[PDB]
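Peer 1: Residue numbers (PDB author numbering), protein chains in the order written: chain Q, 907 to 956; chain P, 905 to 956; chain A, 2 to 212, 219 to 241; chain B, 4 to 240. Positions of the beta carbon are idealized from the N, C-alpha and C atoms, including for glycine.
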Ligand SMILES: C=CC(C)(C)OC[C@H]1O[C@H](O[C@@H]2C3=C([C@H](C)COC(C)=O)C[C@H](O)[C@]3(C)/C=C3/[C@@H](COC)CC[C@H]3[C@@H](C)[C@H]2O)[C@H](O)[C@@H](OC(C)=O)[C@@H]1O
Ligand SMILES: C=CC(C)(C)OC[C@H]1O[C@H](O[C@@H]2C3=C([C@H](C)COC(C)=O)C[C@H](O)[C@]3(C)/C=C3/[C@@H](COC)CC[C@H]3[C@@H](C)[C@H]2O)[C@H](O)[C@@H](OC(C)=O)[C@@H]1O
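1. Which whole-angstrom value is the C-beta distance of residue 176(A) and residue 165(A), which I expect to be below 8 Å?
2. Does DSSP put residue 195(B) in a helix, in a strand, or in coil?
3. Any residue with its Cβ nearer than 6 Å to a heavy atom of ligand 1 should be included. What is that list in chain order?
4. Roughly how many angstroms lie between the CA atoms of residue 11(A) and residue 48(A), to the nearest whole one?
5. Please confirm whether any heavy atom of ligand 2 lies closer than 7 Å to the CB of residue 94(A).
6. In chain B, what lies closer than 9 Å to residue 942(P) by C-beta?
7. What alpha helix (DSSP H) runs, 4 residues minimum, are completely inside the segment 165-227 of chain B?
8. Along the chain, where does the alpha helix (DSSP H) that runs through residue 56(B) open and close?
9. How about the segment 88-96 of chain B and the segment 119-134 of chain B: do they share at least three Cβ pairs that are nearer than 8 Å?
10. Taking only the alpha-carbon atoms, compute the straight-line gap between residue 171(A) and residue 204(A) and give it to the nearest angstrom.
11. Return the chain-ordered list of same chain residues with a C-beta closer than 8 Å to the C-beta of residue 154(B), the five sequence neighbours on each side being excluded.
12. Terminal residues of the continuous alpha helix (DSSP H) containing residue 126(B)?
13. Nearer than 7 Å: is that true of the beta carbon of residue 941(P) relative to any heavy atom of ligand 2?
14. Classify residue 3(A) as buried or exposed, calling it buried when 16 or more other Cβ atoms lie within 10 Å of its own Cβ.
15. Using 8 Å as the limit for Cβ to Cβ distance, is residue 938(P) near chain A?
16. Against residue 20(B), what residues of chain P qualify as contacts under a CB-to-CB distance less than 8 Å, listed in chain order?
17. Note the first and the last residue of the continuous alpha helix (DSSP H) segment covering residue 90(B).
18. At a Cβ cut of 8 Å, what residues of the segment 66-96 of chain B count as close to chain Q, listed as they run along the chain?
19. Kindly indicate which residue of 141(A), 35(A), 71(A), 209(A) has the alpha-carbon position closest to the one of residue 117(A).
20. Taking the Cβ atom as the reference point for each residue, do residue 219(B) and residue 201(B) lie within a distance shorter than 8 Å?
21. Check whether the Cβ of residue 101(A) sits closer than 7 Å to any heavy atom of ligand 2, and report yes or no.
22. Looking at the structure shown, is residue 6(A) part of a helix, part of a strand, or coil, going by DSSP?
23. So, with DSSP's three-state summary, where would you put residue 22(A)?
24. Three or more C-beta pairs closer than 8 Å, one from the segment 914-933 of chain Q and one from the segment 942-954 of chain Q: is that the case here?
25. Measuring CB to CB, does residue 188(A) end up less than 8 Å from residue 87(B)?
26. For the alpha helix (DSSP H) that contains residue 948(P), what are its first and last residues?
27. Give me the Cα-Cα distance between residue 29(A) and residue 55(A), rounded to the nearest whole angstrom.
28. Compute the distance between the beta-carbons of residue 241(B) and residue 173(B), then report whether it is under 8 Å.
29. Within the chosen definition, does the segment 921-929 of chain Q reach the segment 910-919 of chain P through at least 3 CB pairs nearer than 8 Å?
30. Flag this pair as yes or no: are the beta carbons of residue 58(B) and residue 102(B) separated by less than 8 Å?
31. Would you kindly work out how many angstroms separate the C-alpha atoms of residue 80(A) and residue 74(A), rounded to a whole number?
32. Determine the closest residue to residue 104(A) out of 85(A), 130(A), 19(A), with distance taken between C-alpha atoms.
33. At a threshold of 7 Å, does residue 16(B) count as lining ligand 2 (C-beta to nearest heavy atom)?
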């Protein structure tokens, strides 16, 4: 209950970091797509641009 | 906080994440709901069922 | 280099297109595969690619349409007549595309895919497709145009179900996917939630009673998800 | 009675949310053709950039996915598939060309000239390097040299103006720093210029937290952490 909500909060915050990268960067977008589709593909070398 | 208990919470969250992934990949409703989450669209929840 | 045949290059290009999120091209490619077969049957993989390609292409327009409608609801609230008319002008252009896309696949289904279908499987597959695209029309069409669409959907799903129910196991991904969509048609198009809960729940129960796996279990999860949504809402 | 400009701008915003980015571009372009001596507002500016970013982004995504597949296939000896994939990469490369060039000529003919303040000028200079950079990403040899040159020229300009006229915390300044540093990393293959540039832009932003701004702060705050993300990844080799 105590450690578990602290757990969820950390998750939520990391989700929020992932969300912004997916919304505004090519890297984030590409990464989601690769995860979502489950493409068995070598990790691509990426940096963040806007 | 116990390992086995933490480990099981991880497995359950992973099982549900994997179903969540399939919904977003394969259903209009999964897809639409994630787009509104991602964009953070100031709209009131759209009524939807799952179709395939 | 031995030149790939039209069939084999375009099946592969469809698979590239899908991974690449180039779904209008995916349709282009799958239509080229369809032309190299005349009215001979597509394989399981070929028909699945073709369905996925139209699913995504229309999906994108279904998604845009739903989003725009929510923005229009908020703005009907906030009393913004000017914005409401723009959104309406715009939802229209979206509806024209949905029409055009739907007519495209429906024509292919009637002319090539449905008479090609040998096994019950394949017949259920294609009639489901035919149900779906008439249902997508029904989602936004008004009074008479809606009735025609709802009419065409029922007769396809009823014809699919009469095959699936007697020719396929309760656990068959296609029987399952049909019940999913048929139940949805009832809930969202006909607005008959008892009829929807009934159908969905029966398909789920028959399938549960019978216990390859992976797709069936997904669709069964969706049936359950729908049933829980439609009940908390009563 | 809303103007044709005002109507197109609302239209752009609808398209963005509906994910209909090609139309978004169309609407934003119909706006920037109707303007005379006026430059675009901040909002319009942003709408335009986002539209092109997304139209082009979809294709860059496609390009990287396909490239990844090409390498998995090439290390399998599927000549047959490696041909199809290359044929296909090329078809996308074309699209990147035509899009980059539509926007690049707009920047040069209208948007850049009409830019009066630092803000405005940096915003478009940045965009100019950006779409040259997209070319550089996939172009090869001679055409890539040009692209890379053009990129360096446009960024280096934008940066001098930013360094003198924009706050170090300003999201347009930070954004440039971010992309310029990516340019050196990904196109010039100079990790030390990449890191030096990024760390600097980051550190000046921190030295001036007094100048984070009521509306500015969330954008500038995101970019700052994107630079840190890149740095963190670049440092660990
Ligand atoms: C991405 C590649 C393609 C070729 C599109 O494959 C997608 C999928 O294609 C097959 O699955 C079908 C299928 C889907 C499955 C439910 C996905 O399953 C999992 C676990 O992800 C969703 C697809 O749209 C597809 C092709 C469509 C239908 C639908 C057709 O209406 C006319 C009715 C139900 C469903 C059937 C045909 C499913 O069998 C396969 O069984 C799936 O793989 C397995 C064995 O788990 C694969 O993910
Ligand atoms: C995507 C939605 C639309 C409606 C188009 O708005 C785009 C966004 O436009 C503004 O943000 C800009 C902006 C972005 C921000 C960094 C987004 O930040 C947050 C926290 O939302 C990303 C965009 O691509 C945009 C418009 C572009 C640039 C870029 C321009 O290069 C030529 C370099 C810097 C950056 C600047 C201009 C940002 O100020 C706004 O301040 C953002 O709103 C918030 C949360 O502050 C809004 O989401």
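Peer 2: Well, looking at it:
1. For the purposes of this step, residue 176(A) is taken as residue 175 along the third chain, with counting starting at 1. For the purposes of this step, residue 165(A) is taken as residue 164 along the third chain, with counting starting at 1. That pair is a contact at about 4 Å.
2. In the fourth chain, residue 195(B) corresponds to position 192, counting from 1. Here residue 195(B) sits in helix by DSSP.
3. 926(P), 930(P), 956(P), 19(A), 46(A), 49(A), 50(A), 52(A), 53(A), 56(A), 126(A), 129(A), 130(A), 174(A), 175(A), 178(A), 221(A), 222(A), 225(A), 226(A)
4. As a first step, residue 11(A) must be located in the third chain, where it is residue number 10. As a first step, residue 48(A) must be located in the third chain, where it is residue number 47. In a straight line, the C-alpha of residue 11(A) is about 13 Å away from that of residue 48(A).
5. For the purposes of this step, residue 94(A) is taken as the residue at position 93 of the third chain. No, ligand 2 has no heavy atom inside 7 Å of this Cβ.
6. In the second chain, residue 942(P) corresponds to position 38, counting from 1. Simply none; closest approach about 10 Å.
7. 174-185, 194-210
8. On the fourth chain, residue 56(B) is found 53 positions in, with the first residue counted as 1. First-last of the alpha helix (DSSP H) with residue 56(B): 45-77.
9. no
10. Residue mapping note: residue 171(A) aligns to position 170 of the third chain, counting from 1. Residue mapping note: residue 204(A) aligns to position 203 of the third chain, counting from 1. Cα-Cα distance, rounded: 7 Å.
11. For this step, residue 154(B) is matched to residue 151 along the fourth chain. Contacts found: 132, 135, 136, 139, 186, 190.
12. Position 123 of the fourth chain, counted from the first residue, corresponds to residue 126(B). Segment 121-141, the alpha helix (DSSP H) holding residue 126(B).
13. Here the question's residue 941(P) lines up with position 37 in the second chain. Not under cutoff, so the answer is no.
14. On the third chain, residue 3(A) is found 2 positions in, with the first residue counted as 1. By the 10 Å Cβ count, residue 3(A) comes out exposed.
15. What you label residue 938(P) is simply residue 34 of the second chain in a count that begins at 1. It does not; no Cβ of chain A falls within 8 Å.
16. Indexing the fourth chain from 1 puts residue 20(B) at position 17. Chain P residues near residue 20(B): 943, 945.
17. As a working note, residue 90(B) is residue 87 in the fourth chain. Counting along the chain, the alpha helix (DSSP H) containing residue 90(B) begins and ends at 82-109.
18. 67, 68, 70, 71, 72, 74, 75
19. Mapped onto the third chain, residue 117(A) falls at position 116. Nearest C-alpha to residue 117(A): 35(A).
20. For the purposes of this step, residue 219(B) is taken as the residue at position 216 of the fourth chain. For the purposes of this step, residue 201(B) is taken as the residue at position 198 of the fourth chain. It is not a contact, given that the beta carbons lie outside the stated cut-off.
21. In the third chain, residue 101(A) corresponds to position 100, counting from 1. Flag unset: Cβ of residue 101(A) not near ligand 2.
22. Walking along the third chain from the start, residue 6(A) turns up at place 5. Looking at residue 6(A) - three-state DSSP - the assignment turns out to be coil, as it is neither helix nor strand.
23. Against the third chain, residue 22(A) aligns to sequence position 21. Residue 22(A): coil per DSSP, three-state reduction.
24. yes
25. Residue numbering aside, residue 188(A) sits at position 187 when the third chain is read from its first letter. Residue numbering aside, residue 87(B) sits at position 84 when the fourth chain is read from its first letter. Not a contact, by the Cβ cut-off of 8 Å.
26. Here residue 948(P) is taken as the residue at index 44 of the second chain, counted from 1. Run containing residue 948(P): none; DSSP gives neither H nor E here.
27. Walking along the third chain from the start, residue 29(A) turns up at place 28. Walking along the third chain from the start, residue 55(A) turns up at place 54. Those two C-alpha atoms are separated by around 10 Å.
28. Any question about residue 241(B) goes unanswered here, given that chain B covers just 4 to 240.
29. no
30. Locating residue 58(B) in the fourth chain gives position 55, counting from the first residue. Locating residue 102(B) in the fourth chain gives position 99, counting from the first residue. Taking 8 Å as the Cβ cut-off, residue 58(B) and residue 102(B) qualify as a contacting pair.
31. Position 79 of the third chain, counted from the start, is the residue given in the question as residue 80(A). Position 73 of the third chain, counted from the start, is the residue given in the question as residue 74(A). Near 10 Å, if we compare the C-alpha coordinates of residue 74(A) and residue 80(A).
32. Taking the first residue of the third chain as position 1, residue 104(A) is located at position 103. It is 130(A).
33. Taking the first residue of the fourth chain as 1, we reach residue 16(B) at position 13. Flag set: Cβ of residue 16(B) near ligand 2.
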